[PDB]
Structure formats: C-alpha cells, structure tokens
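I'd like to ask you about the structure that follows.
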C-alpha cells in the first residue's frame, strides 16, 4: 500500500536528526561566519547568589573573577547570647591562588574580621581543616579537587541574622599539560621583587607603567584554551599561534565544553582551524596565503566560477552590544555599544560574554565587531582545484577579479577531490587595536 | 513565471508543520529509543514558593509529596498589639487524605500551634468553612474540586511580620474509574490495626519489616497512569501489566498530560505499547516473543535484510544523573550519579524527575540507565513479513544471526502490508533490582 | 574463486570489452584541467557474450552460471583479443597476468541470465557482462 | 602529457568533433540577453573515432588506451579537418598551436573502452571522444 | 492478528482490509477493500467509498499513529455537506483486517480518532490520529475569578430541566443561521440565556450545538437570538431547538439566577501578587475584613 | 599536502587515497584505494576492504568533520563479530592521501575518531567524526553526596593490586555471558565486589570490560556473579578474568572497606535548600553540632 | 490593479511586468519584461537587464514578501563594481504591472526593499524583501554609560559645520584605500577625529561613507588616517573628502571637545546591581556624596 504524508515525518525524524549529531545569538553567528552553528553561550550571571542545593554544578574559572560558591557542611546555628556558624563555601576546582576581598550580601566585609581558612583544592589532597572535627576525623570529608573556603565562628549579626549570600574574588592559574610546560608569570616569574615604593596619587601612568600589580594574575590565552581541550581530553591540541590575556573567564559546569570556548572565539576572534589532526588554534589575521586569480578557480557545482552573496541591508547589525564584567573595580555587569554613524536606524545585535575585561577594551571589541559584521556581509562560494589543496580550511584567499581584488577567508571546505569553498569577506585592518582612552 | 527559493520556504511551513501535528533531554531520548520524540519533562521545582497571582495553574500529585499551594482569600492584617491573618492555601485537586507536617519559610512549625482546618476538596461539595463568614454566607466560595487549607488567627510574629512561604506535605490517593475498581491499601486495607508497640532504637530492619507505617500512602503505579488517561479522557486504558509504587509524583497544571506520564516511562521503563485500541501499558522486560532466524526477515526498502546501526562512542552517556526528591526526610532535591569505570572521561547526561523516591532506589535507577543507554546503542532496521504480523509494536525479537543472536525490542512499525521495523538492542538483565544498601 | 574452465567455446561476433579507469577529473573551468588516477591497473570489463548452439549445449551453459558460478567464483575467461608489457610507446604497459596466457579471471555482471529458444534446437542468450575481479 | 604518436592511421567516416564554448548565458525572460565567455580559445572536442583493421592492429590499440594512455596523457591527435589565424571575417581566429601542424593534444572521454570482434580478424570499437586538454 | 496465524503463515492468504467509523451521531459508516459488500458486525461495509489504506505507522512513544485513508465522497457516503457542517469531528474508527472468505478471521490494527480530514477534487483524505491523541494536550484550571465548569458538568450539577429554565420552542425565522427569530420568544426574562446550548434536534441540523449571544426580545416576545458561529447546516424554519439557560460564570450571576452557588468550582477572592510581597504597614485599616 | 605540490601542480597526478585506523586494542587496520597493497609505515594497507572515501567536509567552527567511508567487512577485515561486541568504538583513524608511485609523498587530511558505524547488507558505513568530537559534551561534577571518581582515577588513586583485593581466577561456567560461575569463588567476602571491572584478558573476549553485580557465593566458594550487560563476545569457560573490587562510592563504604578515605572527591554533608532560606529560630537546638 | 479590470477581465490581455529601483544615490534604474524600452514616469525602463520576476508571495502576517528577480549585470546596468562597493544596499523598488499598449493602465504589486542580492556566473539574483523588513529587528537603548546617538541625530543636534570642526580638504595618497595621506593634514588637533564620517563626494567613490581611526599627523601636518573598513571603491588621489569630528561618546570627551553636553542622551552614573541588594551598613562613609 502507498505511503502517507509522514513522508514529511520520516524526512525530519530521523531524516534530519542525523545532521546535528554530526555537527543573544543575533551577533554570534555572523562573527563565526558561515562557519558552523553557534551554540548558545554565556548568559552572563548578574546577582551572583549561592544556592545550597545538590544539583548545582562545579564551576570553573581562569583568573581574577568573582564566583558565588555554595554551601557544603554548615553546622547548626550557635547562640552566644547573636548567632554563629561554621560554613564551608566551595568556589571552584583545581589548584588556585589565594582568595582575597570577600564581600557578602551587600557592599564589603573585611577579611581580617573573618576567621576563614582558604584551601587550594590541591590534587596533593589537603587534609581535613580540623574545624570539621565538629563532625570528627572519622567522617571528615577531605576534598581533593574542589577549592573550598571554610568560615569559622561567623557572627551573623551585621547582615540580619540569616545567612548572607557570599561572593568571593578568586584567582586561579591555568593548569593542564600544556600549561605546566611554557610557564607564564604565575609560576614563570620565579621571584620579581623590585617593589617601586617611594610613597590622591599618580596612577595616570598605571596602564603604561612597568610594574605588574594586578595584571600579574591574568593568564595567557594560549593555556586557557589548552585547559579546555585538556579537560575535554584532546591532548593533540596545537596552540602556539595564540596571543591574548584572559583576565578572569568563567564558565560553569555542564557548559558543553565548546560553548565555553566559543565566547573566546568572539572576543579574540581566533580560528580554531584544524588543518591536520593537531587542531591548530591560530589567531585570525588578514595574512593572505593563496593569491588566486579569477582564471584559477575550478568548475563548481552550480557552474559559476564565483557565486558572490551580499547579505541584506535590513540585517547588518547597525549597533552591537556587550555584557562584559568590570574586571578592575567591584566586578559588575556592564555594557558598551558601538554605533555606525550612517545607519544607526536599527538592527541592534548584542551578545553577552561572561569574561572580565577593562573599559577601553570592551569598546575596542564592540568597535571591532561592528566593523567586522559589516565586512562579513559578502560571502563567496567558489570551487578551487586540488592542484592547490594546501589551502587549509581557515586560510584567506586574495582572489583577484576583474573588478575588485577583495580578500576572502574560507569556511566549509567540502572536497571529495574537488575543493569547494564557502568563503567570507575578511579585511586585514579589522584586527588592530582601536587605541581608545580608559576609565 | 518561475518559483523562487521559497521552495525552501514552502518546504518548511507548512511542509514540515504537518509532521509534529501528527506526532535535560540528553538522556531522555535514548531511554525511549528511536521510539518517539521525548517531550520536555519535569524541570524539578526547588525552593517551592507560593505565588498569590491569578495565572498559576492547579497542581496535581499522587502520594506523599510537598506542594507549595497558593493564597486564596486572605483577610486584611489584624493588629492585636503583633499581627494576624486568615489565610486559605489551596494545595491540589481531588479528594485527598489529611495534610500533616506543615513547615513555612524556614525549618518547621508545629501544626498543633496552628488553627488550620484542612479540607479534602470533595466532589461531595464540602460547605463553607465558616471562617469565611468574614465575607458572609452569601458570598462564601465553597470550593468543590480543589483541596484548600484555611489558617485561622495566624500570628505573623515568629517569621518576621510578612507572610511566609508555606509548604505542605500532602497525601493524595490515586482516583479515577480504574482506581475505584481494584482498591489498593488506601481504601483496600479496610482496617489493619496490629500496632507493634512494645517500646536510639531498632530501625535497621524497617526497610524489611512487616509493618506498614509511611509506605501505606504510596499508590500503585497501575492506577496513577490510569488517572492520567482518565483525566485526559481515555477510558479505554489497559493497565494490568504494571507493577510499581509511585510514592509522591507531582506534575503541575498544563503539563501536556503526556509529559507528566513520560517521567514515569524513564523511572519504571514501561512500554506504553498500544497493540490494539486498548493502549496496553506493560512493564518492559526481556521476555522474547518472536524468535526470528536470519532467513525469516522480509525484503526491506534499502534492500538489506538487517541494517544494524551502532551509535557513536563520543555520545554514549558515560555518566548519568538524576534530580529526584528525598521522599523520606525533609523533601529536598537530591542527586545521585552512576559512572561507568572504563569510560568516565566524559559524556555526562542527566535528567530531572519530579517524583519522590528513596536513596537506594535513585542509585538503582541511574545504575539502570547507564547500563541501558550503553546497551541501546545498537539499533536494527529490518523488515519482517506480514506472515507473522502478531509482532506488536512493543515486542522484542530474538533475531538469530550467523554471528551473535542479540535480542532486539522494536519501535516505529510502519507496515502497509510489509512490516518494516526500527528495532533497538535490549538485554533481559537490565531490568533487575540493583540490590544496594540504603540511607 | 575457481580455476575451473575457460568457457563454452562458442562466442558470437560482437563480444565487446575493454579496460576501465576511474580517473576522476575536475575540469578547471577557466583553463586546462588536472586529473588523478588511483588504479595503476585496469579492469578489462568484457561484455556481450552470446552462446549459440544446440539445446545440448544449453544445459551445460545454464548451470555454468549456476554450479561453479553461483555469483562469487572465477571461471577464467578466454580473450579473442608472468607479466605482459606493451612496448609500442616509449611508455610501458607492464600489466600483470595472475592467470596464464590471456585468461583474465572474471565474474558475470548479472543477477539473472536469460536464455531464449529460437527454434526446435536453437539456444540463445544475448549478454553476459564481466569485469574481471582480482 | 606526452609527445608519443599521432594515432593508428585508420579512422572511420563519421569521426565528428568541433569547438566547444563555455558560453555562460543569462536568458532574460523579457527578451534579448547578454553573454560572455572566459576562454578566449575553444576546446576542439573531437569524438567518434573508430579503429577498423585486423586483430594485429587491435593489441597495439587496446594498450594505446592503456600503456601511454591511462587517462591523463597527451597522445597528440590527428585532424582530418606556430599560430594559425582565420581571416575570412574582418575578425580573426588567432588560435595557437602548441603542437606542430594540426596535432592538437587530447585525451579520451571514457572510463573504459569497448572493442568488439566482428569476424575472425575484424576489430572494431565504436567511439573515442576527446576534448584536447591543454 | 488473533488466531488467524494458521491462515496467515501460509503464503496463500486473502486478507482484505476494511474499516468502520462511528460518527458523533449514532450512525456508523462502512468501508472495505474487498470490492464486494461484506459485514461481520451489523455495519454493512461498503466498498463504494473510502479505503486506500496507506501505511499505518506505530510507536512505543506517546506520539499518535497515523493513516491518511484516501477515499471518495458520495451521497450514500460522507457527502461533505455533512462533513463541513461540523460532523465527523471526534469520529471514532476501528480498522480491521478481515478475511473476506471468512469474516470471523479478523483483528484490529488500531482504534483511531480521525483528526485531520482534507477533502478536495471530489475526494477526501482523512488523517487517522492514533489512540493517544488526548495525551499531548493541556488540561487544567488556573485559579481565575470566574467559574470553570459547564452547566451539565459533574463539578457543577444543576438538573437543567428542573423548572421552566429551558426554552423548548420550535423555530421560525432562521434567516442567515445566526439570527433566529423564534415564534415563542415569550416565557422568560429579557437576556435570560446569553451563554447557552442551542441544541437543534430536528431537520437538517440534527443534534447540532451552537452557542447563543444577544438574547433580545423586540416585540410581543419575539426573542431574536444571535449566535457566535454558524450552525453549518441551515435550519428550515420549522425545526425544534432547545436552549439551556446562560451562565455568566460569576458569583453574583451564579447565586441570583441559579440556586447552585454551593457547586461553584471557582476562585472569587484570590488576593494578588502585590498582597504577597507586601509587608504590613501599621497605618490605616489593619482590622479583619473582606479585603474587598 | 606537504611538499608534494611539485607533484600536484602538474595535471599529471596520481594520488590514491588510503587510511589506517587504530582500534582500542593495539592492532591497526589498513585500507587503500590504490587496488594494490602498499605501505609506508608498518601498517600494510589492504585494498581488500574499506575505501569509498566520500566527501570529507570542514569548518572553522567547533563542529566535527565527517566522512562516511563505505567499505566491506570480511574475515581479514573488521568481520563485524568484532565490531558488534564492543570494539572499534573509540577507534582513531588518520586518513592519508599517498602517492602510490612514491609513498613518501603524503599528508593527512584529518585525524578522526569514527563515531557512527552503520553496517548492513554485507557492508559497513562508518561516519568519521572529526577531531573536535570531545568538545560539545558536558563534563562536570554536581556536588552530589556520593563519590565522583573511578578506582584507577587520579582524583582517587588506590594501588588496586596492593593486597588480596583483585580476584585473578580463571573462569568456568560462562552460561549466557551474564552469569559466570567461577571455579575459584573462595578467597573473599560475600558481596565483596559489586561495582568492579570484569576485565577478561584471554580467549574470545580479549581485553573486554564489563561491570559486575550480584556477587553471591552459593556453595563452597562458587561466587556466581551477574553483570549489567553482555560482554558481546562469549567467554569459553577457560578464559582468565580479573575483577577489581567494588566501590559503593559512599563515605561509610569508602573508609571501612578501603583505606583511602582521604582521596574522597565527594561531597557528603551539603546542607540543602531549606537550610539556605531558613532564618534562625531561637527555639530548640541552637548549639554547634553535626546538623546530622 | 487599479481600474484596468476592463482590460483584465477580457481573456485578451497584454500586461507586461516592469519595475524601477531607486538606489541610495539619487539615480534610479529601469527594468521591464516588455522587450521594448518603455516609460510612463521619467524612468526609461530598459529590457536590457533584470526581469525574470519569479513568484511574488504575500502574507497577512508581519513576515516580508519576496521575489528573487533574476537578471543580468552590464555596463549600462548595475555592473557589480557598483554593487560590491556598497551601493544598492537599502535600494527601494516598486514593481509595476504595466500594460505595454497603454502604460497608464498600471498598478504596484508591492514596494520592496531588495535585501539579499546574490550575483554570480555573469548574472545577479536579488531577493526583494517586503514592505515589513524593518519590523522584526531590535531597536532600543540599554542604559549604558556612554552616549547613544550619532552626531547628526535629533537626540544630539550639533550644527556640525558651526566652526572649523570639519576637515574639507581634498585627498592625496590613497594607497590601499585604508591609509589616506591627505595633503592638508594641518589645521586641527592631533587625534581630533577618531570616530567620524569620511564622506567622499567626488570621483569613483561618490557619496560613500567610511569611519576613521588612527588620526595621526606624522610630519608637517600630514594627518595619516586609517579606516575600519575599505571604501570598496578606490579613491583616485584627487577626490574631495570631508571628515566630521570624532565623538568618543563619553561625558568627559563630550563637554570638553564639544559644547553640547546638554543633549547627552546617555546614562553616566547607573549605580549597579551590588548597590541594589545592599542594605545600609552604619559604618564608614554614610553621608551624601557622588558615590563616585
């Protein structure tokens, strides 16, 4: 007997379920290009609160960034007669540097007032804190990986009498097998000293000064993306072409692995190329590798030497926005925007990045996207012969035409013995410092 | 004139809108198999709070489980001079058993301290409470179906002076036409008595003891799934093959009907088979009904006697998680996980079930899924002739091969006079008690 | 794979067949081309054999397909057209012969055959294509 | 690419072939339309060669496809139809000859060939389409 | 199949498909592939219509089964003036797989519910939704300040014939099947029934339900009544309708017009969000009252 | 390509595809398009199987690459009794593009991970997931009150051979590859290993891992052990298994049975939601204690 | 159609399609199916290009209409060096349906906005987005601490020519159309205009807008200026540009460089989340001040 209109049903499931197996987002997709599908990424956490449940995941972070933590092993309320507790707040995993500048619900509490005992969460397996001798040694937990902070005889008097939501500035050095080789500051320094001293003051040259207070924490972008693939298990990871400072990224547990990495591909713009099995992560530039003439393209599928698509004017992202973290002061969600002067009439396209970066840098990034997303309107769809197959999937083609000589970075190489390319328009001058003043 | 590239547009809408008309999820789909599309189900409610709006839906539950309720008819604050109210919190629908162990915002309040008048919410139409003679008899509401709990002269003194979020342990017996026939404990007992007495103590044999304190509440799984189809209107429902205890499931109003049922198909694993118009709900086992040899399959569409698909190793759900409810103590969201020892390197796949079950049972369920989801990697796609059409859509086939003799439970039978099958690999030993110790 | 016999002797005029190549090709659209060959060899790919004799020859021919045939056996094939080289260019053929003297082991390219009766004793079948699997 | 030989001398009456032009075209549904070509030459695209001689000529012809052929080599082709210009218009042909005197290096447009036996000595093959790759 | 396996394991088989649909009205319809009219139950399956029987699908999942069931519409058959007016909506089918040599050798493939019927070009195409159609729908009450039930419902039983409440009178002046004159308007209040059931039990629209609005009597008890929607079949100015009274589903209209304020099944007071986050100020009215 | 451009810029080229997959076991397999067996590394690529090489795709995005790689299964080859039992799961490939005239002129197109293998009709079709398969998965710990690591893990090192913990004994009575009798049951506690690794190192299932359950010794140290799942290859009642002990992943079972309570990597206390929103009432127990 | 129904109800009809697009520059272009050049307005529709007119779609919903409008590019026509450089972006069309026998018998099918243009193989294909393209986009301000408007905007009017602010000087040294030497650099501050409009009003790039960055004068008032993006048309080292001054969109740069601090349209203070959930501690600074 014949078939019904579940011919449309078997066309979907699993007719299209096989695809995504083997495979605000308003601005996330244009920056990766045709590329691949941009996974939902980094709904930035504002009002960081600590939930004491059992279903919250272990967070991870790299550098100076506040994290909420959560309660593990709180004793009963103790009335001195006007209360007292013994908390232990677990921040993040891995060996960390020390936790300074604790502030609870509200503005600020002085850490000298507290009796906190910070712990690195060392794989060395730090023993029991002995404040858990309330429980006793025989049931004292001895957390190996996670970096918990206990609190001792905490007076609940100044903040009500309820437990306040504590939030902790944490400094975590990037770890992993690629990180222990090639040591950056956080252990590479091996004794700096030279404290300038010589005592409201002269901090106008701090952004250009030789001294390294504050910014010694920030990990290079090379090892943090190496930490992601290390935790995911890819040790074949190649990352020598990366040049960036992270300064406090933070993704939670069960953040897909790649969706934590994909926020970095919007900020620093790097390729995630994978020429060979190395998965080369190179920083994206305009350095042209191909120099094709128009005479040197192959015969494509659609029988056009170069199909050139220019995207709609009604969707060009006239103004772009961020949701970065303040990273110098009290870590709070902020926003800058870049507005193109001719067409400001609409198309607001913003996204949220959960990392922490300064004020002139955020206006630099959004100034870079608004230029790039209007440059990346043009896409090219051509086929080039396997006589020059050394055009890796992330290279950029000069592509001489009779009218233009416009560069093109390429995506979605599908070859089978005929390299067919979905390029995208990329200029070299996009990837520069914006050189803006600071706050 | 010709047609545009809305040929892709008319391919979707409504080219594919006709399909889903006639038709964390990371682990929900594998457990149902090829099967059908697993609807979003049971984002478990933590921090149960009561919202006094007009847009919250009537909840429903079956057995001992806390529910938030909401405010209906609160009088004005009354100052004795230091406040007093007359609340009425409506918990759930249907005739219930009594509400015990009320605890507000925070730990616990003793119900002897309250002046609450519980109501069953009987279809018998319970009269006015007479505390609503504040309103008067002429406008006193007299709620028929819903089971409200009034509160009388409630001192708002110990919890601030604001209204606290009240949460109520509710015991509700499974109802419906299949439930009144075949009575289980909750009315089947017809007088048990035999209180052991004979007076910190000896509760180590409570899980194996003959006495029925506490677990007398829990409804059999047969009538709760009968209550769902009864409320949905399917009275043709067949459920004699079900053997389970519910112990406090809870789905809200507008929970699709089936999505409330689909959480039970993950816990107890049952078929929802529908051989005939009875919609037989049988518990899933490995009891083989077919015994096909390889010589006895029909000629399929793809002209392969048995297409056998083995799923990707990178997606096998190496570790599985739950979000069950504590069900013995203070009802709180908990989590257990089962980790496969060889491949623990990744693929965490968890889901959230809103029912309430004990501690050894949750590790039993997650121990069952991690075994099953790795067993259900293999799927078979064969066609068997209508000479044996009595293979119902949920049966399991022995399927003798030259190499293996691996069983297969079947899904997605599409026949038209040639029964073509998308099976899935199912072993018998998966469906056993895990036999674990308790908390 | 067998070494059983050549074939029935009779072959009609028209037994066609010549070597193959995959040699996939891109045809660069604005100039010349570039093309790859993964073989270094050639499938001889003989077609269009015809048996024409009495019906006494037919029953030893229909079970030639069946008995030693099945599908997956040799039956070394005789060419009317140990390493043979071809020296008429300054290039070389240098194509091997696993079997002796132009015997090119093959298999029939058919799910079924189709023998016809043309007269009281005439037996005909129009085609039996082969490809010479190694 | 070779410079090996022309071909076997024999070519049957019917050896067809003429220049092939990309001629990318728009075909406006209004009416008249524009067009352009990116070659500035023309692939000569000769087809339908036939070898017809004795079986002594066949074994030097089947390995002509194989030995210096493969798929991807020259074998300069003889036309029965250093720069040649065509002056019969006031325009010009001005088409180059990389090889001398109408020798047009080509390649066969076939994954396989198909030689037939038509009698004790007759060797035939129906077509060898070329396209004169540069 | 149920013990026709002896018939079915032989390659010589003769099972011809056949099915019956029961409409919302009491009549059933018969359909078969066998090309000869046959019956086993009192249904008299006709091969004059229906029956292309394309590819019943299945699934252990709660998703429905489907069968498009191409066929023909005719005067004996569905006839499509019946279908368009509002019948065959919740029509229940059973598909059978009978042996035409012996109709006691049969089973049910599924019992369906016939969701989507697409008729066109002199034919009809009717998607047979599976047994699990009702699952997949939202059912619930949302604590809204009206009532929630219909008049006949178990949550508010009424005894809708208990007095002169229903208007049994035969119809005149049907006009465009929205306006209805009604010769016997007089007997009730003006605007008595504003949300009622216009069950029409005779003639063309037999047992067809519409909802009233604008119950107005213009002169001498005319009682011109509108409806929300067309009946879909024209009444013939002689039919008999009965109209149950109208419920505004409100506490004031409940207890005044009807006696049944006990069986309310509604939520009149329901304080509000702003009450919930309010802390008690010690000013003004803070004594026990209605809060209304 | 890596310095075969001199070979490749000429139109006369001869690059024949070829690839090697390394199984989870130490053996590799060879595959080539060249139709003659060739090798450059010690792999001995065979054209007897594999190799249709359909359309490797790419992407700057984190999404994987793919190649379905149609081929053939045979006794020298994958043979599919090997594949079905649980091998070739995390099989790592490298696809190469070698010159068959000179195999020192080669490169790697990608290094893959071979995710989905669909075998059927006497052939196999195996989707080659790209280098970035591991990205796109959820990895994390959720503060649950059990442990979180396996026995061999770095987060809980154990020295799993340190005493008479492992049961090294050779197998008898394999039955249906779930029940295992085991001649040498005696030597350990009843129900000693309940979540362990049944590594079987001889015979048919060579180096195949299952998980135990129901460690019960019925008479004279029989130790009948079930498994969760089939091994997929039948052991032959003479194989040697070793079973590491079972961890319940709980603090009580941690410290009692094992000494390693220090390396716990778990979260035993974890107070709860109701503790968090609780305000301290000044009644009853409000002195410092376990809260357990 | 507008009163051509007398022409249209006859089967003998002759309506030939035709349309005009108005570019962002003042010139329009003409296109027709009629194969003879015709005009009714001063547009001179040419059948030399454009015009395949494939399947205009409609919808009561806010979703746009679409027409792909296949055609040809030529020197009289769009010519694609015009299109690639940045013109035809917000090009407004009207499609007409004129009678070629009498062009006073016409109407508009839709007035479009020509969103996506895909050119290739010597032709162009240009999706005509409907009238409702602007709906479906996000417009709003997000209380960010910068400004929000451009210089010419109504929310910050400036009178951008009011003094020696604009740099009117003609261009030399265009190099790679990002670097611009500019002979008359001198006249302004170093790094005066960092976010300005490089409107180029002569030559190849006629009326084309880019954005400046790196306003640096190296020697004797050179004023080498970069841009973010290419202009898309090469200036010819003789063109005239004018550059409006640069606004950093900050309160300090607002009031110092420009006088217009009144028309700020920005949100400088905007306290923060941590202020909001903060309760007032009675320690340290609790007197009225800037909070900055």
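Letters A, B, C, D, E, F and G mark the chains as written, and numbering starts fresh at 1 in each.
Keep in mind that, in the parts below, a contact is a pair of C-beta atoms (placed from the backbone, for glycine too) under 8 Å apart; a residue touches a chain by one contact, two chains touch by 3 or more.
With steps allowed only between chains in touch, the distance from chain B over to chain E comes to 1.
Of the pairs listed in B-G, A-F or A-E, the one whose interface repeats that of B-E, with over half of its contact pairs matching by residue number, is A-F. Work out the mean CA point of chain E and of chain F, and you get 57 Å between them.
Put simply, the C-alpha centre of chain B and that of chain C have 66 angstrom between them. The set of chain C residues touching two or more other chains comprises 29-37, 39.
For chain F, the set of residues touching two or more other chains reads 8, 11, 13, 115-116, 127, 129, 134, 137-140, 142-145, 272-273, 278-279. Taken residue by residue, chain A touches two or more other chains at 1-3, 5-6, 9, 21, 53-55, 160, 232-233, 254, 294-295, 303-305, 386-387, whereas all remaining positions touch fewer.
Of all the residues in chain E, the ones that touch chain A in their complex are 52-55, 57, 66-68, 127. Residues of chain A that touch chain C in their complex: 294-300, 303, 305, 385-387, 417-418.
Chain A makes touch with chain F in their complex at residues 21-23, 32-33, 35-39, 50-58, 70-79, 83-84, 86, 90, 93, 123, 125, 127, 134-135, 138-139, 141-146, 156, 160-163, 228-229, 231-234, 236, 252-258, 261-262, 271-274, 276-277, 279, 386-390, 393-394, 411-416.
Across the interface of their complex, chain A is touched by residues 1, 5, 8-9, 11, 13, 53-66, 94, 107-108, 110-111, 115-116, 127, 129-132, 134-145, 154-156, 251, 255, 261-273, 275-276, 278-280, 282, 285-292 of chain F.
Taken together, the chain F residues at the contact with chain D in this complex read 11-13.
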